[PDB]
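Below is one structure, written out as structure tokens; comments come after it.
Computed from the coordinates by the stated procedures, all read-outs in this text should not be read as laboratory data. Here Cβ is always computed from backbone atoms with ideal geometry, including for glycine, and neighbour counts include all displayed protein chains.
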Amino acid sequence: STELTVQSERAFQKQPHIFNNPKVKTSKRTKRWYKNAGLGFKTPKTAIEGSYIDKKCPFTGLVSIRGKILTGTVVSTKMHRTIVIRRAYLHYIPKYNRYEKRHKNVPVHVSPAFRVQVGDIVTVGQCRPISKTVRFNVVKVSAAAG
Amino acid sequence: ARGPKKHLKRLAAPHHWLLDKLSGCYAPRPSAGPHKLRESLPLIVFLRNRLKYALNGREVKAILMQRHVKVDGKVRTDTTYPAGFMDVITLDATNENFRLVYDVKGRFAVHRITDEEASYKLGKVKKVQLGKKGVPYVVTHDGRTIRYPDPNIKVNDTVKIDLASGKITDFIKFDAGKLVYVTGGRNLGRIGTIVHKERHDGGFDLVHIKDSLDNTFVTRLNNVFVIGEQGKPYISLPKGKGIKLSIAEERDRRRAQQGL
Amino acid sequence: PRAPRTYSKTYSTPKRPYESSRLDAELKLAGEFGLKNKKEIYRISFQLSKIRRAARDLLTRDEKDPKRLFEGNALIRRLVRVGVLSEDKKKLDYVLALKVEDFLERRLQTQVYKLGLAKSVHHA
Amino acid sequence: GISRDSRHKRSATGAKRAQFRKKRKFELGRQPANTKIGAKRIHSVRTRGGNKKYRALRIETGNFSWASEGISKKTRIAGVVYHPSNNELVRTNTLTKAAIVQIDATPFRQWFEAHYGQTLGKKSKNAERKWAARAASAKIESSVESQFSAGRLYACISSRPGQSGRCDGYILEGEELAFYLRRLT
Amino acid sequence: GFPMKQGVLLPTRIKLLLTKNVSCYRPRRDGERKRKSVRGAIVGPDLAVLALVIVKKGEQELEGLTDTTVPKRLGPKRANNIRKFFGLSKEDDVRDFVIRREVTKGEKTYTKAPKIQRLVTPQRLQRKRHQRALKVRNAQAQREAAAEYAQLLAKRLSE
RNA sequence: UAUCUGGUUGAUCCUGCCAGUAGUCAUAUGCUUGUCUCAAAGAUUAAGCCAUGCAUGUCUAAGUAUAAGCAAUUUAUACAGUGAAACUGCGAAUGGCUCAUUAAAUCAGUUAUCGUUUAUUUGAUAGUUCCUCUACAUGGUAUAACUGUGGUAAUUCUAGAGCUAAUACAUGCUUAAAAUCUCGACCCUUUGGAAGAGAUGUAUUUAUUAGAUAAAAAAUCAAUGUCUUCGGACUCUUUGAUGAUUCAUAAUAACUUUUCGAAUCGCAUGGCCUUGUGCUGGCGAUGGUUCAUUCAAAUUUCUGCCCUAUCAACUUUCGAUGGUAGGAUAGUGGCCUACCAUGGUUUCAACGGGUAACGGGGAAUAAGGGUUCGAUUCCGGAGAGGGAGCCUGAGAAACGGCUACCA
RNA sequence: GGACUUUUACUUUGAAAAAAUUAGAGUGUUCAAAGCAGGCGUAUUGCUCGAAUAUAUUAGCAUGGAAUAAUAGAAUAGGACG
RNA sequence: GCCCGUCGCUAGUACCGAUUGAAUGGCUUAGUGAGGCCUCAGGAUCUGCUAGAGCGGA
Ligand SMILES: NC[C@H]1O[C@H](O[C@H]2[C@H](O[C@@H]3O[C@H](CO)[C@@H](O)[C@H](N)[C@H]3O)[C@@H](O)[C@H](N)C[C@@H]2N)[C@H](N)[C@@H](O)[C@@H]1O
Ligand SMILES: [Mg+2]
Ligand SMILES: [Mg+2]
Ligand SMILES: [Mg+2]
Ligand SMILES: [Mg+2]
Ligand SMILES: [Mg+2]
Ligand SMILES: [Mg+2]
Ligand SMILES: [Mg+2]
Ligand SMILES: [Mg+2]
Ligand SMILES: [Mg+2]
Ligand SMILES: [Mg+2]
Ligand SMILES: [Mg+2]
Ligand SMILES: [Mg+2]
Ligand SMILES: [Mg+2]
Ligand SMILES: [Mg+2]
Ligand SMILES: [Mg+2]
Ligand SMILES: [Mg+2]
Ligand SMILES: [Mg+2]
Ligand SMILES: [Mg+2]
Ligand SMILES: [Mg+2]
Ligand SMILES: [Mg+2]
Ligand SMILES: [Mg+2]
Ligand SMILES: [Mg+2]
Ligand SMILES: [Mg+2]
Ligand SMILES: [Mg+2]
Ligand SMILES: [Mg+2]
Ligand SMILES: [Mg+2]
Ligand SMILES: [Mg+2]
Ligand SMILES: [Mg+2]
Ligand SMILES: [Mg+2]
Ligand SMILES: [Mg+2]
Ligand SMILES: [Mg+2]
Ligand SMILES: [Mg+2]
Ligand SMILES: [Mg+2]
Ligand SMILES: [Mg+2]
Ligand SMILES: [Mg+2]
Ligand SMILES: [Mg+2]
Ligand SMILES: [Mg+2]
Ligand SMILES: [Mg+2]
Ligand SMILES: [Mg+2]
Ligand SMILES: [Mg+2]
Ligand SMILES: [Mg+2]
Ligand SMILES: [Mg+2]
Ligand SMILES: [Mg+2]
Ligand SMILES: [Mg+2]
Ligand SMILES: [Mg+2]
């Protein structure tokens, strides 16, 4: 989730083809490009007032949300700009006419403009492959009880 | 699998072809063409299996090689050619003109239409899009691409196509109280009015339908084809008008007219 | 890779092979109707099992169920067309009381003797 | 050859996977053209479905756009200066995307001293008509202008010489020229 | 019986991977390459036969060679090859110049000749005429519906 | 279609298993065998080894005939019937076979492509082409078959000499009008003008711009275009699809070992007037760039596998989880590389071991709940003695294709 | 007039759902297993019914219900409405 | 009456066991390493354009 000072990286962070002319003096030192996510997901304020780049961001980045939309509790924040959801569910064993507690751990990419921690039930949506385990992107966040 | 499958095992054929279990290992495997293969009717099923004009597949080609069959106005020579919904199939000597249109049981039905009305067909616009050079265009279910259409034609609208020139002539919008043909699913073959289109963002908008008998049923939007205005079909419907009699009601009509 | 030709066996064997009372009754049915072997008895005990089963399954469904009415009647309509079910026994509760001789009675075997033509089941 | 499949990788839980099938062409990878600075040498590559691609292994002379001025010129590409991924690409003067190379100025100086009538950082009315109107637009960054003295401009390759066969870029301006000028020092 | 391969040097046989458009292999199918023994380019006593071709002729006549001259089997076929053969002009209408050959049945000498290709014919000039007309005709009709739509657009903006 | 019965005691009631009983798409075997219909069949063991033969080739009116082929008889003096061989094109990546591998894999149901390639089919789509005299009434070589000279015990081995074609190969002409953009000789000084020179098909690469619009109204700096009661008036200011995009589409400046823009073929022989081999002209074929469609493909979401803890920790040398950049791919992506973090899985059983394990549709048994099975007719997967490599091509990591190692 | 599940589980209806096979409708293959055939009439140029229907929900999608069973909220007010 | 264990005979089953005992299949360390592909080169022999000398192409 955490982010640097903007340009920490050996390569220049910027958004693609978003150009601000040095011949034309401006107020905002850097043009910023955002987009509406869709599905009624409200691109939050931190998205438009930040300096962060994160091309994997659902807003401000080049990924797009399509496919399944999942909700789950956030069990590990420890990675950088990605986290781990624990989705819980109850599986049916027909012979015994009862259920068994199972679970699945989903890595998802948490854009800056979201500050997430363990607790923190999270909505997440299918973005296309990001890295090798990551198919989902943080979209909406709900609070923690503790 | 290393490339295109060129064979269709019989029993993997579409069931609406109504091909018998025995008689061969294979089915016709429609060619690539205007219709999607599970949704089409290869000319050989029409001529030999439906119309009974040919017996062998060998005869089917003999007929076609003579140019005795047109589809949508052009000579089609391909044994497996994939004719489908709203196609024409004009057999000139024999003076017969048909249109491929669904049973109430889901099956492409033999339907004889006049010498006119063979002169046109109804395409349902699939996408509308802006081509290069600035020219917009419209694409239909049958794969027809027509530049320079009405700007009021939208995706899911239907279209009247001339077939001599191509050339869309008028059109119907997609909205409530329109007359609708169900092109797939459980209700394939039913005809009816609209009522409600329940939309869902992200996919699969449902269209609720009500037929002449005040029966209601739903399919997906994709399965809905716009054929005209209520009680006012723009093409000749086949017998029974997509009514869906119950199995009991079917039994009564059978033994009503058979016997007395 | 030709479509498979489906088939089914037409008869069933009894659970207890040695029963005096059941082996007599089967002999009787053999002699009255001119039967060949127990298998012919058996084939009919089978048909009856299938028809009583479909009836049972219909009678647990609420009356005026479209399935109960549609399949109920058709079952009864075929049983009458052969002369197994009487001109009115026509409710489903009655097919459940139907038994084997009712079927055995309708054999072209037994009809050739029933009206003239024979003067025996074995002549028949 | 090079396979791009995921099945050869361990799974997320870290278990080792057993080989399912033999490598398939449609997962094929290829060897990198390390494009260099020299006489133009470009080989085609017949890729999936017909579809030539172009490996540029030796190049000079490519197209660079001056974004603020709205024009593009074709220049020499003197050398490579920086590179974020691997400093060996700077050592070996390898042309890849995100290059940060120096290029010839003189096609850019020739277009400025024509278009704007001025010089860089030291008649015929219709010509003087345009020169006067276009002024007040004649001031560019001091960080850029100072480069023209040396004859070479800092630019960054925007294309993929290994794919297009073109080494193409844009001359470094704006905040981005500050960043790289700071790394360069 | 292994052939020599030009320019492989060596006085021996090696095993090479051979392609299309390379001597000593005829690929049996498309993209097929084969590994075959081939004999070096350098002469040694192990050659069964050495094939040479006369460059500059010597003093005395070689009996089966300098004496008898043997004919080309076919004459020109393409138009300008006939022209290049006889030294004709662009205006010269090859036609009646082409070579014919006599063949007897048992009782009937008949003649036969090639079919000149790249011949400038009434049919060919007609095909050019049809396509040209097709181009300009369609290009105008493509403007027609195009300005016609532009009006219907301004007419729906009124609607 | 919800059933039992025999065996422990002198006897008795239990526990409890052994025995009997019934089916088996379940295989073998033994003894017996007349008719009709139907028909599984070298899976189990040895994805062990194979003699021989066969299983992949293909021509229309319509790419190439000087067969020293055949028949003809043309109207025939360019060619014209039929037609071997060979070129060229296409197919051989379909089928058929098997179940070895494979246990989060495959597979099923369900998604994804705003994450891509797609011969072909079907529908669309092309006036722009080194013009610092130049064939466009049509450029150029080069080969096969063939002829003849040869090598080898031997093969669908081929050398060297001579001929000759194309829808092979290699080249290369072009057609209206306008408008808009730079440069600018000169008009002369003013709200100041412009002759004429170039550039502009498509595609390729990059940068830049537009693609608007959730309710309104002014101010200025710069630049700039259209009216003029000639002072300034200013115009009600033209814009698609999606839940969503940097989308479709368009503009600017350029870039390119410059992609495509018919030197192709078959039937017809009509019409104009200056009658010239003039000009024009019909129905088809085969091509050709882009787009769509169709037949596909490649990844992909969600949930779901048998026995085992006498497998409890596993993963990161040598990529393990993630970040940035690049490279690569058709394309996403640790697919790979450089740098940087230290993550990722696990008693809700990870990881490992076993399977006499390909998955599924389905099969047997028939109160119900369940138990057992599914090599094998359909779908999907995998392989072609074992591995790996790769050529051609839209498509193969092919095996009745090649290369190599092992056997 | 169109749009609240705080967040679920649960339950209803529906869509989307290959054929074969299973259940089952129709049909005298001479019966039957089967098959998807066929049935009339002058048999002189014909007419015509069929090739239903039911069925996994584990999971997903759409949906009606809010009992049961969980769950979130104002307490150092840092609460709600304006 | 029942009834236990050593000892002794016969047959069958597994077990411990020197033998660094053996076999087959998977995964491997390290050294070596076939082959094609990419790439730097090489240029047998052929060709184009501007007696000559020159600039390219396969
Ligand atoms: N070579 C294999 C075949 O050999 C026999 O064929 C019989 C033949 O079956 C043929 O095959 C078809 C498929 O089985 C039948 O449907 C046809 N009616 C018939 O033409 C029978 O109609 C004859 N009465 C006997 C003949 N020996 C076997 N008995 C078949 O079972 C078997 O498949
Ligand atoms: Mg915005
Ligand atoms: Mg049939
Ligand atoms: Mg929607
Ligand atoms: Mg049945
Ligand atoms: Mg350097
Ligand atoms: Mg020709
Ligand atoms: Mg006792
Ligand atoms: Mg005893
Ligand atoms: Mg006793
Ligand atoms: Mg006793
Ligand atoms: Mg037992
Ligand atoms: Mg007989
Ligand atoms: Mg029979
Ligand atoms: Mg044998
Ligand atoms: Mg075997
Ligand atoms: Mg296959
Ligand atoms: Mg395991
Ligand atoms: Mg699937
Ligand atoms: Mg050009
Ligand atoms: Mg004009
Ligand atoms: Mg704006
Ligand atoms: Mg150019
Ligand atoms: Mg080129
Ligand atoms: Mg004259
Ligand atoms: Mg798939
Ligand atoms: Mg990347
Ligand atoms: Mg990639
Ligand atoms: Mg990365
Ligand atoms: Mg196995
Ligand atoms: Mg089952
Ligand atoms: Mg029981
Ligand atoms: Mg199986
Ligand atoms: Mg096996
Ligand atoms: Mg088998
Ligand atoms: Mg394979
Ligand atoms: Mg074998
Ligand atoms: Mg094969
Ligand atoms: Mg292989
Ligand atoms: Mg073989
Ligand atoms: Mg039935
Ligand atoms: Mg029957
Ligand atoms: Mg549920
Ligand atoms: Mg309680
Ligand atoms: Mg012993
Ligand atoms: Mg030893």
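Which residues, taken from segment B:14-72, are charged (D, E, K, R) and within 15 Å of ligand 3 (Cβ to nearest atom)? First the steps, then the outcome.
In the first step, residues of segment B:14-72 are kept if they are charged (D, E, K, R); the result is B:20-21, B:29, B:36, B:38-39, B:48, B:50, B:52, B:58-59, B:61, B:67, B:70, B:72.
Once the filter is applied, which keeps residues that are charged (D, E, K, R) and within 15 Å of ligand 3 (Cβ to nearest atom), segment B:14-72 yields B:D20, B:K21, B:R48, B:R50, B:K52.
Residues of segment A:59-109 being of a type in the set (K, R) and either away from chain B (no Cβ under 14 Å) or more than 23 Å from the chain's Cα centre (by Cα) (or both), which ones? Selection gives A:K78, A:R81, A:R86, A:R87, A:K95, A:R98, A:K101, A:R102, A:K104.
Taking A:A145, is it away from ligand 6 (no atom under 16 Å from the Cβ) and loosely packed, with under 11 Cβ neighbours inside 10 Å? Please lay out each step first, then the result.
Details: away from ligand 6 (no atom under 16 Å from the Cβ): yes; loosely packed, with under 11 Cβ neighbours inside 10 Å: yes.
In short, yes.
Checked against (1) out of contact with any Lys or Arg (no Cβ under 8 Å at 6 or more places or on another chain); (2) hydrophobic (A, V, I, L, M, F, W, C); (3) over 27 Å from B:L245 (Cα atoms); (4) surrounded by 11 or more Cβ atoms within 10 Å (Cβ to Cβ), C:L79 passes all but condition (3). For segment B:79-116, a residue qualifies if it is among the β-branched types (V, I, T) and within 20 Å of B:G33 (Cβ to Cβ), and the qualifying residues are B:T79, B:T80, B:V88, B:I89, B:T90, B:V101.
Of all the residues in segment B:194-210, those that are closer than 15 Å to B:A176 by Cβ and either in contact with a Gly (Cβ under 6 Å, 6 or more places away or on another chain) or within 14 Å of chain A (Cβ to nearest Cβ) (or both) number 4. Set side by side, the residues E:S158, E:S89 differ, and just one is surrounded by fewer than 11 Cβ atoms within 10 Å (Cβ to Cβ), of a type in the set (S, T, Y) and touching a helix residue (DSSP H, G or I) at 6+ places or on another chain (Cβ under 8 Å), which is E:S89. The condition of being closer than 30 Å to B:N152 by Cβ and not small (G, A, S) holds for only one of E:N81, E:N138, that being E:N138.
Only one residue in D:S44, D:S3 is surrounded by 13 or more Cβ atoms within 10 Å (Cβ to Cβ) and more than 17 Å from the chain's Cα centre (by Cα). Which one?
Working: D:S44 fails: surrounded by 13 or more Cβ atoms within 10 Å (Cβ to Cβ).
Testing whether each residue is surrounded by 13 or more Cβ atoms within 10 Å (Cβ to Cβ) and more than 17 Å from the chain's Cα centre (by Cα) leaves just D:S3.
Are any residues in segment D:121-166 in a loop (DSSP other than H, G, I, E, B), among the aliphatic types (A, V, I, L, M) and surrounded by fewer than 16 Cβ atoms within 10 Å (Cβ to Cβ), and if so, which ones? Quick ask: steps written out before the conclusion?
We begin by selecting, within segment D:121-166, every residue in a loop (DSSP other than H, G, I, E, B); these are D:121-124, D:135-141, D:151, D:158-160, D:165-166.
Filter again for among the aliphatic types (A, V, I, L, M), leaving D:135-136, D:138, D:140.
D:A135, D:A136, D:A138, listed by residue number.
Filtered by the rule that a residue be more than 14 Å from chain C (Cβ to nearest Cβ) and touching a helix residue (DSSP H, G or I) at 6+ places or on another chain (Cβ under 7 Å), segment B:211-260 gives no residues. Scanning segment B:1-48 for residues that are within 14 Å of chain C (Cβ to nearest Cβ), over 16 Å from the mean Cα position of the chain (by Cα) and outside any loop (DSSP other than H, G, I, E, B), we see that the one that is farthest from D:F26 (Cα to Cα) is B:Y26.
Scanning segment D:77-96 for residues that are surrounded by fewer than 17 Cβ atoms within 10 Å (Cβ to Cβ) and either within 16 Å of RNA strand H (Cβ to nearest atom) or among the charged types (D, E, K, R) (or both) gives D:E88, D:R91, D:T92. The numbered conditions (1) buried (at least 17 other Cβ atoms within 10 Å of the Cβ); (2) more than 30 Å from B:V180 (Cα to Cα); (3) away from RNA strand G (no atom under 13 Å from the Cβ) are all true for B:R99 except (2). Taking segment C:9-86 as the region of interest, the helices (runs of 4 or more DSSP H) fully inside it that hold 3 or more residues being farther than 18 Å from C:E101 by Cα are C:38-59, C:66-81.
Within segment C:1-39, the set of residues being within 11 Å of RNA strand G (Cβ to nearest atom) and more than 30 Å from B:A13 (Cα to Cα) comprises C:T10, C:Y11.
Among the residues of segment B:170-184, is any within 14 Å of another protein chain (Cβ to nearest Cβ), surrounded by 15 or more Cβ atoms within 10 Å (Cβ to Cβ) and in contact with a helix residue (DSSP H, G or I) (Cβ under 6 Å, 6 or more places away or on another chain)? No.
Can you say whether D:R17 is in a loop (DSSP other than H, G, I, E, B), over 28 Å from A:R10 (Cβ atoms), within 14 Å of chain A (Cβ to nearest Cβ) and not hydrophobic (A, V, I, L, M, F, W, C), as far as the supplied structure shows?
Values: in a loop (DSSP other than H, G, I, E, B): yes; over 28 Å from A:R10 (Cβ atoms): yes; within 14 Å of chain A (Cβ to nearest Cβ): yes; not hydrophobic (A, V, I, L, M, F, W, C): yes.
Yes, satisfied.
For segment D:159-185, residues that are within 13 Å of chain A (Cβ to nearest Cβ) and either hydrophobic (A, V, I, L, M, F, W, C) or within 18 Å of D:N51 (Cα to Cα) (or both) total 7.
Restricting attention to segment A:3-43, the residues that are in contact with a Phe, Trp or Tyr (Cβ under 8 Å, 6 or more places away or on another chain) and more than 14 Å from chain D (Cβ to nearest Cβ) total 6.
A single entry from E:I116, E:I99 fulfils the requirement of being among the β-branched types (V, I, T) and away from ligand 7 (no atom under 16 Å from the Cβ): E:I99.
Pairing residues of segment E:1-17 that are away from chain D (no Cβ under 14 Å) with residues that are within 16 Å of ligand 2 (Cβ to nearest atom) and outside any strand (DSSP E or B), at Cβ distances under 9 Å and at least 6 apart in sequence or on separate chains, gives no pairs at all.
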